[PDB]
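Engineer: Here it is, the structure in full.
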Amino acid sequence: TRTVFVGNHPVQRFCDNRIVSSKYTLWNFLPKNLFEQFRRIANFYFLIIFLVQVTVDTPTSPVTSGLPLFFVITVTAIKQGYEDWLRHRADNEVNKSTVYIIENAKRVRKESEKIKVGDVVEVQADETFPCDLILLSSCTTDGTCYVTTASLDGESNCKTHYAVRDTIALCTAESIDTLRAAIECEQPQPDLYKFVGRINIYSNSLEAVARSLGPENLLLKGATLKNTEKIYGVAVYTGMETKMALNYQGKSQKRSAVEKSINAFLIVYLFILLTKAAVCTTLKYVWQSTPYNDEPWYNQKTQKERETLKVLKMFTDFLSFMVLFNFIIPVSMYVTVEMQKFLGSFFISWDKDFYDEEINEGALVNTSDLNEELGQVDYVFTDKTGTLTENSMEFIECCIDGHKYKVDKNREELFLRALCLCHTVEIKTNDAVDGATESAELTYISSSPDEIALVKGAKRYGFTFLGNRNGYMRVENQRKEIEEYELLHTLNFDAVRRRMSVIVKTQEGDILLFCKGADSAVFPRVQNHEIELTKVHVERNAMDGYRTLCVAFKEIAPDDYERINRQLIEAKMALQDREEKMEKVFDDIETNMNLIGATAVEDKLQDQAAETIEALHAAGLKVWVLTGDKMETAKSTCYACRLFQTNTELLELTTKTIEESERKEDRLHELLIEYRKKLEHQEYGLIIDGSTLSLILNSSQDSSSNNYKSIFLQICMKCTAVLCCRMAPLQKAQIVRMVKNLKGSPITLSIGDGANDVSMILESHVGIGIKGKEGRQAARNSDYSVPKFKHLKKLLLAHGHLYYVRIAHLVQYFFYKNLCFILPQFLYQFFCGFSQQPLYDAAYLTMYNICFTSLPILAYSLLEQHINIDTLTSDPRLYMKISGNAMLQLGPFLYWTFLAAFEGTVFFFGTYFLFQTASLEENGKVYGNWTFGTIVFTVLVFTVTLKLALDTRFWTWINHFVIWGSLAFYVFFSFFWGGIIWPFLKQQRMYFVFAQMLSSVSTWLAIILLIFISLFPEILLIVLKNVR
Amino acid sequence: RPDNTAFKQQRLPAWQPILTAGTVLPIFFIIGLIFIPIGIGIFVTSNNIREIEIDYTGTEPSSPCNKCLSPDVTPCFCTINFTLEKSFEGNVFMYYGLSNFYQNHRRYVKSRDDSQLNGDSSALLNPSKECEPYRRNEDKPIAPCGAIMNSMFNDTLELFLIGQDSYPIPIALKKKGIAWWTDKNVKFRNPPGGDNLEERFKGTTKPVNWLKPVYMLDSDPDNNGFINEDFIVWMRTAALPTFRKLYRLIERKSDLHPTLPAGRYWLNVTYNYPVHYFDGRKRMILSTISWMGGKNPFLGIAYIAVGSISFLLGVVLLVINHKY
Ligand SMILES: Nc1ncnc2c1ncn2[C@@H]1O[C@H](COP(=O)(O)OP(=O)(O)CP(=O)(O)O)[C@@H](O)[C@H]1O
Ligand SMILES: *[C@@H]1O[C@H](CO)[C@@H](O)[C@H](O[C@@H]2O[C@H](CO)[C@@H](O)[C@H](O)[C@H]2NC(C)=O)[C@H]1NC(C)=O
Ligand SMILES: *[C@@H]1O[C@H](CO)[C@@H](O)[C@H](O)[C@H]1NC(C)=O
């Protein structure tokens, strides 16, 4: 809806070209970063517990709660800050490169940031683009210049764009000559593939040429130009409105199933850290009830504290028994669980097995967050054409007028013309050595293999397409006759319609309207009396498992053309809903076509596309298939794909059974309850259509007693493999939703190949884009990508699992690490006068959560395979089933806890009984209370670690160095901190505690035991699980 | 083409320990052979240590010195008879327990100024704001400020041996070397410089409750100021209500006589420390010492309760597995 002028002068009101990819700045970093952290629960809560320590008079010095909180920040800010600064220095490059402009007959050399909207740009070969231009001319005629979008969506070929006819003449011919134009384009939409515009070039005196535009004229900002000398563009979008720049945002998907549990535990602890306070406050003011039991003449209450309002004092305590138990919320989890993902996401991008030789590229992880979401999928929505069958079509066994050509020249000769026209082959322009090859270079470059196999087909017969020469088309009809054809309108294909067409003008006569498309969408518009003659053939060729396509021509009368022509073009200059308003202009152009003959193309399966789908099943998933081809075809490739065993009682809902409005439901409820409700197991699979489906969902609001849909969905959950044929481009989305929104939240993993699937990949929990032959429209939106389908096995099982059992046993341990460390300090608030006397020291309250026992859980997080990565992908029986999120469900969670409590108690009561002795050393001396801290601590750091050394089932050389590299650290720290660190301290309370807690040979036997009795409830499950 | 490094492929050189029943069952039967030979190894050296705790708190209408449980002339004098059945062989230690004396009380553990006792001259004249309730009396600085050092257990015990005649032989007690040598020469030091331990304390005074200045706790210069063992061992907090702190140790005479010959003795305690107020008892635990420490059964009954409940499930496991 905007407006532009080539030279900015007609016959700043717009954005400025400076791409700022960053989020922070050099000034608002802190006030932004911090807030974006302290809005998180555990990083904010620990803040409150800081203030409360700086104002109130509380037991533990502010250090033991501000350091382990100032650190976890400074180590996230830096990374989360620096990791950003990479962009600035990156950005500054792109938008500070040289790009010449044309002010007034001048080839100025400005900075790419200086460009404004509506101004001529210049570009040599090999150079990136300054912004979204509109190709206006090139050095040569033909107004053509290829492009290689190798940085926007990852494409690696040389697409070819087009210039504007009325301007191709302009090349160095001072286009600056107040060149008139009006470039109206829809406000920048990030679709990156649609572009509706217009030009209103003005001639010398008067001219209003309404030269419509299109995506074939836009040159994105970042598509390296190739195979040309130079061009001249007219900027339309100028950065931060350009199509590319808009595509930095996809974050509305990273809500894993292991990121809310982490929020269902805290909400528990935050509701346990109170009980631990309330239950331990009341007991105090009920204990102090005794008159002498407080300040019994040997600790006289400081006079001031005596005259304090009781109720108030009843507060400062309850605020003390949070500052004293606050450690019961893991402070350093919001750095590990992130440092893990970052340092441990590449693994899905390096694994060699995700590397096809041909495509000469590997896997690609376009989301560093959904990793853990792979060992969760419960529905897998594959796509038949493109994933299950590579796009290498081979035209075989056509059928003209039901005669199955191998009629002579009355209509057949025409048919061939149909095959060779009405397409977008665009044969390889360059010429190679012809005479040694079969025919010539003759390499066809197109996106829809459904036709590239046709042309190659006709090439096996007389006719052959070799043209598109200067607005015409060339063909060889069994002899030496170029036979130029004048192309007039190439009606692009559109899935929602299933028909592409071409309106050519017979070089020496009238016009023609060729067209092709799926039978179910070409037959409705035909001289019906000819359908049955060829219908049976299209059945067999499909019944056997070949793609099918019908083709028919309709001669137009010239007197009728002008109506169409006008009606056609005028249906383009519309800037609002062009594709729709256009689609509908020629949807009534294919009124009645004289069908000529049908065609059949065969397809191939992938390497293991038949072995994988035999694995997934064994893994518990419920694989679906959302094809678009004819029903019969899908039913054929399915058997081969091996998702329909020999004995499977299908429940088809095809048009061949539901040719009515009400009939289906009758058939629906029958094969649901009386057929699949009264009851190897796989005996039943489903099959639907693009029509039979829409009736169900859209028209469900009638039988509110037993709604159609609510019935239909019921069958889904109870069918291990289902099909969907004749699927539109959007109905491949309503399906996902219709499933995602039922009985919980089944994690739906969809997998597409091309543009058709963009409507679900962007919709399912975790897409999987297969970068195949069509294009990267699918692999650029998908969270991940794998240049095959055989990889979707090694992806889900061998990674989706480890990327779960590597965290499920982190968010668990990272809590159980604390609920033990802070249990004693709660019991020891029983054998003290409830005066909140921290059992441990302070030097052992900061360290323990960042230094003593931080790494050993990180190590086990990045690199570990509790089941060898080979035995896990070579055995999908349950290893993708044993974890249906069960690793964090309410069952296991409160086992660890009821493992902390026990392993917690034994720490204290295990020690208490040990200090009924009156001495432990041999010299007979006594042991203070601090020596009651290190004991019940040194017996802690040796359990919360060893309890790991009983879980790591994959001992690399790192684990050996971390675990035994924290313990042999602790036993050193206490030795150093123990010794002389006096000068700046104020207590010298742990001056020699440790060194004496080890010279008592009768102490180890308490440690060496208290460890065991704490692990003995873990050494058992091993036995009770390795026995059966 | 992709990096075939040992790590990135995610197949680093592993250990892969196969933890299975058939290879873990011995895990039970390997300890049972190694704990029990300790659980019993210790339990022997526990019941072979004789002790005695002569509760002399009072509160007993028939208690020999209830007479001064109530406020009487300061220098009270108790006398308690008691009989030793099995004479003590080694060198015996004499503790002095307590009870319901919450020496671990956050409001009572902060009550020491650790940087003063260390001998920091400047810190002396003006102790911290932690030993508040007993910081300055008569607006003056206190040398061992703070409740902890204030309420220093201040009654003198004594043990007499009654021979055949009625004259009781006095048993010789020793007091030096009853505190961790680590925190008796490093963590507690007198004021910076001086010659007589009095001058060094110029502006300070004695605590409130005490009866004599810190520079008069003992004549022996090696034990007088802030070094008094009695004082030191009273500062390291109790670590529990029911505690007991070393008081004096009897060095085993070189001869081959029993350091404590059996029979009845006399224990006359100069009762000064009153604990009847908070309902706290008092005692005097005599004891020997073995490498394990002091008589304590737990370690014994624990090992033998683990070294014989792990070594049993293995049976119920070994027998259950083969029968399936
Ligand atoms: N050049 C062309 N000529 C005739 N028909 C065409 C065509 N290009 C596409 N079609 C029609 O478009 C339909 C595309 O099928 P649909 O997209 O529903 O499933 P699909 O098999 O193409 C899986 P995918 O979308 O991944 O390629 C085909 O049925 C075909 O008839
Ligand atoms: C020994 O210490 C105890 C501590 O309670 C004390 O009761 C004894 O008598 C105290 O003397 C202090 C004054 O010199 C002072 O604490 C108080 O007068 C008196 N006790 C009371 C009731 O406070 C101390 N005895 C000795 C030997 O001084
Ligand atoms: C204990 O003290 C008393 C105090 O009278 C004194 O006679 C003697 O030293 C000891 N024995 C007796 C007789 O009490």
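Ligands are numbered from 1 in the order shown, chains are lettered A, B, ... in the order of the structure tokens, and residues start at 1 in each chain.
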Going by DSSP on the backbone, which bits of stretch 948-1005 of chain A are helix (DSSP H, G or I)? Write them as an MDAnalysis selection string, please.

Structural biologist: chainID A and resid 948:949 957:978 993:997 1001:1005

Engineer: Suppose we keep N, CA and C atoms; can you now write the selection as an mmCIF file, in the first residue's frame?

Structural biologist:
```
data_model
loop_
_atom_site.group_PDB
_atom_site.id
_atom_site.type_symbol
_atom_site.label_atom_id
_atom_site.label_comp_id
_atom_site.auth_asym_id
_atom_site.auth_seq_id
_atom_site.Cartn_x
_atom_site.Cartn_y
_atom_site.Cartn_z
ATOM 1 N N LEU A 948 26.018 -39.910 42.225
ATOM 2 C CA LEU A 948 26.135 -39.808 40.777
ATOM 3 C C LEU A 948 27.000 -40.931 40.225
ATOM 4 N N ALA A 949 28.116 -41.219 40.891
ATOM 5 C CA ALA A 949 29.036 -42.249 40.431
ATOM 6 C C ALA A 949 28.385 -43.624 40.488
ATOM 7 N N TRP A 957 36.774 -39.961 29.890
ATOM 8 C CA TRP A 957 37.890 -39.455 30.672
ATOM 9 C C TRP A 957 37.568 -38.133 31.348
ATOM 10 N N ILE A 958 36.490 -37.461 30.942
ATOM 11 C CA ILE A 958 36.084 -36.235 31.623
ATOM 12 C C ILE A 958 35.512 -36.560 32.996
ATOM 13 N N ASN A 959 34.430 -37.341 33.029
ATOM 14 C CA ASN A 959 33.828 -37.743 34.296
ATOM 15 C C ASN A 959 34.888 -38.153 35.307
ATOM 16 N N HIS A 960 35.832 -38.991 34.883
ATOM 17 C CA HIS A 960 36.909 -39.393 35.777
ATOM 18 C C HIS A 960 37.644 -38.190 36.343
ATOM 19 N N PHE A 961 37.695 -37.090 35.599
ATOM 20 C CA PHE A 961 38.446 -35.929 36.056
ATOM 21 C C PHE A 961 37.576 -34.920 36.789
ATOM 22 N N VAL A 962 36.271 -34.908 36.525
ATOM 23 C CA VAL A 962 35.391 -33.950 37.190
ATOM 24 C C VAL A 962 34.999 -34.456 38.572
ATOM 25 N N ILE A 963 34.322 -35.601 38.629
ATOM 26 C CA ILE A 963 33.832 -36.131 39.895
ATOM 27 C C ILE A 963 34.983 -36.259 40.878
ATOM 28 N N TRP A 964 35.983 -37.069 40.546
ATOM 29 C CA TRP A 964 37.165 -37.151 41.393
ATOM 30 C C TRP A 964 37.956 -35.853 41.324
ATOM 31 N N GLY A 965 37.434 -34.868 40.601
ATOM 32 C CA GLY A 965 38.091 -33.582 40.501
ATOM 33 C C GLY A 965 37.375 -32.511 41.291
ATOM 34 N N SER A 966 36.210 -32.851 41.839
ATOM 35 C CA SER A 966 35.544 -32.004 42.821
ATOM 36 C C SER A 966 35.814 -32.493 44.237
ATOM 37 N N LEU A 967 35.712 -33.800 44.457
ATOM 38 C CA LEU A 967 35.989 -34.373 45.765
ATOM 39 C C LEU A 967 37.391 -33.982 46.208
ATOM 40 N N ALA A 968 38.402 -34.376 45.435
ATOM 41 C CA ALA A 968 39.783 -34.053 45.765
ATOM 42 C C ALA A 968 40.010 -32.548 45.728
ATOM 43 N N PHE A 969 38.977 -31.789 45.371
ATOM 44 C CA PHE A 969 39.014 -30.348 45.586
ATOM 45 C C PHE A 969 38.488 -30.002 46.970
ATOM 46 N N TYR A 970 37.263 -30.430 47.274
ATOM 47 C CA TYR A 970 36.701 -30.224 48.602
ATOM 48 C C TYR A 970 37.714 -30.567 49.687
ATOM 49 N N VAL A 971 38.187 -31.813 49.699
ATOM 50 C CA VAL A 971 39.156 -32.239 50.695
ATOM 51 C C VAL A 971 40.410 -31.382 50.680
ATOM 52 N N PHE A 972 40.599 -30.559 49.652
ATOM 53 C CA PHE A 972 41.669 -29.573 49.696
ATOM 54 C C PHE A 972 41.182 -28.241 50.246
ATOM 55 N N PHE A 973 40.068 -27.731 49.720
ATOM 56 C CA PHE A 973 39.552 -26.445 50.173
ATOM 57 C C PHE A 973 39.508 -26.379 51.692
ATOM 58 N N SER A 974 38.741 -27.279 52.306
ATOM 59 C CA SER A 974 38.677 -27.318 53.760
ATOM 60 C C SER A 974 40.064 -27.295 54.383
ATOM 61 N N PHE A 975 41.056 -27.878 53.709
ATOM 62 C CA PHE A 975 42.416 -27.843 54.235
ATOM 63 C C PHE A 975 43.023 -26.454 54.101
ATOM 64 N N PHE A 976 42.725 -25.754 53.008
ATOM 65 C CA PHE A 976 43.267 -24.414 52.832
ATOM 66 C C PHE A 976 42.441 -23.381 53.585
ATOM 67 N N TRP A 977 41.161 -23.246 53.233
ATOM 68 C CA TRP A 977 40.288 -22.345 53.978
ATOM 69 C C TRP A 977 40.405 -22.588 55.472
ATOM 70 N N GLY A 978 40.443 -23.855 55.876
ATOM 71 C CA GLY A 978 40.711 -24.206 57.252
ATOM 72 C C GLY A 978 41.891 -23.427 57.784
ATOM 73 N N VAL A 993 39.189 -26.680 62.079
ATOM 74 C CA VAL A 993 38.115 -27.652 62.262
ATOM 75 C C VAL A 993 38.405 -28.921 61.475
ATOM 76 N N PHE A 994 38.532 -28.792 60.155
ATOM 77 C CA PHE A 994 38.692 -29.969 59.310
ATOM 78 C C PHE A 994 39.899 -30.794 59.734
ATOM 79 N N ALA A 995 41.088 -30.188 59.710
ATOM 80 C CA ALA A 995 42.310 -30.936 59.974
ATOM 81 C C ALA A 995 42.218 -31.793 61.227
ATOM 82 N N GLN A 996 41.338 -31.446 62.166
ATOM 83 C CA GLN A 996 41.095 -32.284 63.331
ATOM 84 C C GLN A 996 39.932 -33.241 63.138
ATOM 85 N N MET A 997 39.054 -32.976 62.172
ATOM 86 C CA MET A 997 37.983 -33.912 61.859
ATOM 87 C C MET A 997 38.472 -35.115 61.068
ATOM 88 N N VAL A 1001 40.691 -41.462 63.842
ATOM 89 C CA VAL A 1001 40.490 -42.679 63.063
ATOM 90 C C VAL A 1001 39.091 -43.230 63.280
ATOM 91 N N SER A 1002 38.490 -42.911 64.421
ATOM 92 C CA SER A 1002 37.120 -43.321 64.683
ATOM 93 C C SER A 1002 36.099 -42.421 64.010
ATOM 94 N N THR A 1003 36.541 -41.420 63.251
ATOM 95 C CA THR A 1003 35.602 -40.574 62.526
ATOM 96 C C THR A 1003 35.330 -41.125 61.133
ATOM 97 N N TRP A 1004 36.388 -41.464 60.396
ATOM 98 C CA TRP A 1004 36.221 -42.066 59.079
ATOM 99 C C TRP A 1004 35.193 -43.186 59.124
ATOM 100 N N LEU A 1005 35.361 -44.112 60.063
ATOM 101 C CA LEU A 1005 34.444 -45.234 60.193
ATOM 102 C C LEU A 1005 33.016 -44.744 60.379
#
```

Engineer: Distance limit 7 Å, reference ligand 3, atoms considered: only C-alpha atoms and all ligand atoms. Which residues make the cut? Give them as a list in words.

Structural biologist: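 So, counting only C-alpha atoms and all ligand atoms, the residues near ligand 3 are residues 77, 79, 266, 267 and 268 of chain B.
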
Engineer: Define the interface residues of chain A facing chain B as those within 7 Å, counting only C-alpha atoms, and report them as a ChimeraX atom specification.

Structural biologist: /A:292-293,296,298-302,347,350-352,831-833,835-837,913-914,916-922,924-926,928-929,932,953-956,986-988,992,1001-1002,1023,1026-1027

Engineer: Check the smallest atom-to-atom distance from each of A:127, A:665, A:494, A:590 to ligand 1 using only C-alpha atoms and all ligand atoms, then report the winner.

Structural biologist: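 Of all the options, A:494 lies closest to ligand 1.
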
Engineer: Could you list, as a VMD selection string, every residue within 9 Å of residue A:552, counting only C-alpha atoms and ignoring same-chain residues fewer than 3 positions away?

Structural biologist: chain A and resid 415 418 513 to 516 522 526 593 to 598

Engineer: Could you find all residues in stretch 497-642 of chain A that DSSP calls strand (DSSP E or B) from the backbone, and write them as a count of residues only?

Structural biologist: 37

Engineer: Please, which residues have at least one atom within 8 Å of an atom of ligand 1, using only C-alpha atoms and all ligand atoms, listed as a PyMOL selection string?

Structural biologist: chain A and resi 383-387+422-424+448+450-451+493-495+498-500+515-519+548-551+626-630+725-729+752-757+774

Engineer: Export, as a short mmCIF file (atom, residue, chain, number, x, y, z; two decimals), in the first residue's frame, the selected residues with C-alpha atoms.

Structural biologist:
```cif
data_model
loop_
_atom_site.label_atom_id
_atom_site.label_comp_id
_atom_site.auth_asym_id
_atom_site.auth_seq_id
_atom_site.Cartn_x
_atom_site.Cartn_y
_atom_site.Cartn_z
CA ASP A 383 4.43 -36.61 3.93
CA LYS A 384 4.17 -39.14 1.12
CA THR A 385 5.63 -37.39 -1.94
CA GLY A 386 9.03 -35.90 -1.16
CA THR A 387 9.95 -37.68 2.07
CA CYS A 422 2.23 -25.97 -19.90
CA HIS A 423 5.12 -26.27 -17.45
CA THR A 424 8.14 -24.37 -16.09
CA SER A 448 8.13 -29.74 -9.57
CA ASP A 450 5.95 -34.14 -11.42
CA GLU A 451 6.67 -32.60 -14.84
CA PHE A 493 0.01 -23.86 -10.06
CA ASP A 494 -1.79 -23.61 -6.72
CA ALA A 495 -2.35 -26.65 -4.49
CA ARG A 498 -4.61 -28.64 -8.34
CA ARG A 499 -4.32 -27.28 -11.89
CA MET A 500 -1.71 -25.27 -13.76
CA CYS A 515 -3.84 -27.65 -18.55
CA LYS A 516 -3.21 -30.56 -16.21
CA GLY A 517 -3.88 -31.58 -12.64
CA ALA A 518 -5.20 -34.35 -10.46
CA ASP A 519 -8.14 -36.18 -11.99
CA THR A 548 -1.38 -39.75 -12.30
CA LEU A 549 -2.06 -36.50 -14.13
CA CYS A 550 -4.77 -35.63 -16.65
CA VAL A 551 -4.33 -33.18 -19.51
CA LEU A 626 -0.81 -36.74 4.95
CA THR A 627 -0.34 -37.16 1.20
CA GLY A 628 -1.97 -35.16 -1.56
CA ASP A 629 -1.98 -37.69 -4.38
CA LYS A 630 -4.87 -39.97 -5.29
CA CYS A 725 -5.12 -38.52 0.74
CA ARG A 726 -6.26 -35.61 -1.42
CA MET A 727 -5.14 -33.27 1.37
CA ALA A 728 -5.24 -29.54 0.68
CA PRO A 729 -2.32 -27.35 1.81
CA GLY A 752 7.72 -32.13 5.38
CA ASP A 753 9.61 -31.76 2.11
CA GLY A 754 8.39 -28.70 0.23
CA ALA A 755 6.21 -25.59 0.10
CA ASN A 756 3.06 -27.66 0.56
CA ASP A 757 4.09 -28.59 4.11
CA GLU A 774 11.99 -29.24 -4.46
#
```

Engineer: Would you mind listing what lies within 6 Å of stretch 281-284 of chain B as a PyMOL selection string, with only C-alpha atoms counted and same-chain residues fewer than 3 positions away left out?

Structural biologist: chain B and resi 53-57+95-99

Engineer: If you keep N, CA, C and O atoms, can you produce a file of those selected residues as a compact mmCIF listing (two decimals), in the first residue's frame?

Structural biologist:
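As a result, result05.txt now contains:
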```
# COMPACT_ATOMS: atom_id res chain seq x y z
N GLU B 53 30.00 -41.83 85.64
CA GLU B 53 29.47 -40.47 85.67
C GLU B 53 28.73 -40.28 86.99
O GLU B 53 27.64 -40.84 87.18
N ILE B 54 29.31 -39.49 87.88
CA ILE B 54 28.78 -39.30 89.23
C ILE B 54 27.91 -38.04 89.18
O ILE B 54 28.38 -36.93 89.43
N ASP B 55 26.63 -38.22 88.87
CA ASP B 55 25.73 -37.08 88.84
C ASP B 55 25.74 -36.40 90.20
O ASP B 55 25.25 -36.96 91.18
N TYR B 56 26.28 -35.19 90.26
CA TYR B 56 26.37 -34.43 91.50
C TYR B 56 25.64 -33.09 91.39
O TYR B 56 25.99 -32.13 92.07
N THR B 57 24.62 -33.03 90.54
CA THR B 57 23.87 -31.79 90.39
C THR B 57 23.20 -31.38 91.70
O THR B 57 23.20 -30.20 92.05
N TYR B 95 36.34 -35.79 82.64
CA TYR B 95 35.50 -34.80 82.00
C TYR B 95 34.59 -34.15 83.04
O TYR B 95 34.62 -34.48 84.23
N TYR B 96 33.77 -33.20 82.60
CA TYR B 96 32.74 -32.62 83.46
C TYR B 96 31.56 -32.26 82.56
O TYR B 96 31.53 -31.20 81.93
N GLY B 97 30.59 -33.16 82.49
CA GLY B 97 29.48 -32.99 81.58
C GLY B 97 28.55 -31.87 81.97
O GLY B 97 28.89 -31.03 82.80
N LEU B 98 27.38 -31.85 81.35
CA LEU B 98 26.32 -30.89 81.65
C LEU B 98 25.06 -31.39 80.96
O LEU B 98 25.04 -32.49 80.40
N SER B 99 24.01 -30.57 80.99
CA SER B 99 22.80 -30.90 80.27
C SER B 99 21.90 -29.68 80.23
O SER B 99 22.04 -28.76 81.04
```

Engineer: Could I get the residues of chain B with an atom no further than 7 Å from an atom of ligand 2, each paired with its nearest atom pair and that distance in Å to one decimal, using only C-alpha atoms and all ligand atoms, sorted by chain and residue number, as CSV?

Structural biologist:
```
residue,atom,partner,partner_atom_place_in_ligand_line,distance
B:151,CA,ligand 2,4 (C),5.1
B:152,CA,ligand 2,2 (O),6.4
B:153,CA,ligand 2,2 (O),6.2
B:154,CA,ligand 2,1 (C),4.9
B:155,CA,ligand 2,27 (C),6.8
B:208,CA,ligand 2,13 (C),6.0
B:209,CA,ligand 2,16 (O),3.2
B:210,CA,ligand 2,14 (O),4.9
B:211,CA,ligand 2,28 (O),4.0
B:272,CA,ligand 2,25 (N),5.1
B:273,CA,ligand 2,3 (C),4.7
B:274,CA,ligand 2,7 (O),5.7
```

Engineer: Any chance you could export the current selection's C-alpha atoms as a PDB file, in the first residue's frame?

Structural biologist:
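Listing of result08.pdb after writing:
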```
ATOM      1  CA  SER B 151      29.958 -17.705  82.038  1.00  0.00           C
ATOM      2  CA  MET B 152      33.138 -19.760  82.295  1.00  0.00           C
ATOM      3  CA  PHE B 153      32.537 -22.918  84.335  1.00  0.00           C
ATOM      4  CA  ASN B 154      34.224 -22.001  87.606  1.00  0.00           C
ATOM      5  CA  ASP B 155      34.050 -24.817  90.141  1.00  0.00           C
ATOM      6  CA  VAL B 208      30.941  -9.428  85.075  1.00  0.00           C
ATOM      7  CA  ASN B 209      30.454 -12.863  86.622  1.00  0.00           C
ATOM      8  CA  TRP B 210      34.130 -13.737  87.039  1.00  0.00           C
ATOM      9  CA  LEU B 211      35.781 -13.355  90.436  1.00  0.00           C
ATOM     10  CA  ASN B 272      30.190 -22.609  92.605  1.00  0.00           C
ATOM     11  CA  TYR B 273      28.609 -22.986  89.155  1.00  0.00           C
ATOM     12  CA  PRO B 274      24.842 -22.968  89.759  1.00  0.00           C
TER      13      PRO B 274
END
```

Engineer: Hey, which bits of stretch 162-181 of chain B sit within 10 Å of stretch 251-259 of chain B, and for each residue what's the closest pair of atoms and how far apart in Å (one decimal), counting only C-alpha atoms, rows by chain and increasing number, as a Markdown table?

Structural biologist:
```
| residue | atom | partner | partner_atom | distance |
| --- | --- | --- | --- | --- |
| B:171 | CA | B:259 | CA | 9.4 |
| B:172 | CA | B:251 | CA | 8.9 |
| B:173 | CA | B:251 | CA | 8.0 |
| B:174 | CA | B:251 | CA | 7.3 |
```

Engineer: Can I get the selection written as a PDB file, in the first residue's frame, with N, CA, C and O atoms?

Structural biologist:
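Wrote again.pdb, looks like this:
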```
ATOM      1  N   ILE B 171      44.742 -37.863  94.804  1.00  0.00           N
ATOM      2  CA  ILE B 171      45.119 -38.244  93.450  1.00  0.00           C
ATOM      3  C   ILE B 171      45.643 -37.017  92.720  1.00  0.00           C
ATOM      4  O   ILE B 171      45.074 -35.923  92.823  1.00  0.00           O
ATOM      5  N   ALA B 172      46.733 -37.192  91.982  1.00  0.00           N
ATOM      6  CA  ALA B 172      47.405 -36.084  91.315  1.00  0.00           C
ATOM      7  C   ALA B 172      46.751 -35.824  89.966  1.00  0.00           C
ATOM      8  O   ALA B 172      46.627 -36.738  89.144  1.00  0.00           O
ATOM      9  N   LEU B 173      46.341 -34.582  89.738  1.00  0.00           N
ATOM     10  CA  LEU B 173      45.718 -34.178  88.489  1.00  0.00           C
ATOM     11  C   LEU B 173      46.661 -33.297  87.681  1.00  0.00           C
ATOM     12  O   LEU B 173      47.513 -32.595  88.231  1.00  0.00           O
ATOM     13  N   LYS B 174      46.497 -33.342  86.365  1.00  0.00           N
ATOM     14  CA  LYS B 174      47.237 -32.489  85.451  1.00  0.00           C
ATOM     15  C   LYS B 174      46.254 -31.639  84.660  1.00  0.00           C
ATOM     16  O   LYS B 174      45.130 -32.064  84.377  1.00  0.00           O
TER      17      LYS B 174
END
```

Engineer: Which residues come within 9 Å of residue A:135, counting only C-alpha atoms, excluding same-chain residues fewer than 5 positions away, as an MDAnalysis selection string?

Structural biologist: chainID A and resid 143:145 161:164 217:219 231:234

Engineer: At a cut-off of 8 Å, using only C-alpha atoms, what residues contact residue A:761? Leave out same-chain residues fewer than 4 positions from it and give the result as a list in words.

Structural biologist: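 Listing them by chain and then by number gives residues 750, 751, 752, 757, 766, 767, 768, 769, 778, 781 and 782 of chain A.
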
Engineer: Might you pull out every residue within 8 Å of residue A:841, with only C-alpha atoms counted and same-chain residues fewer than 2 positions away left off, and present them as an MDAnalysis selection string?

Structural biologist: chainID A and resid 838:839 843:845 930 933:934 990

Engineer: Atom CA of residue B:32 and atom CA of residue A:906 are how many Å apart?

Structural biologist: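 Result for atom CA of residue B:32 versus atom CA of residue A:906: 20.5 Å, one decimal.
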
Engineer: Just give me the gap between atom CA of residue A:805 and atom CA of residue A:864 in Å, one decimal is fine.

Structural biologist: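 These two atoms are separated by 9.2 Å.
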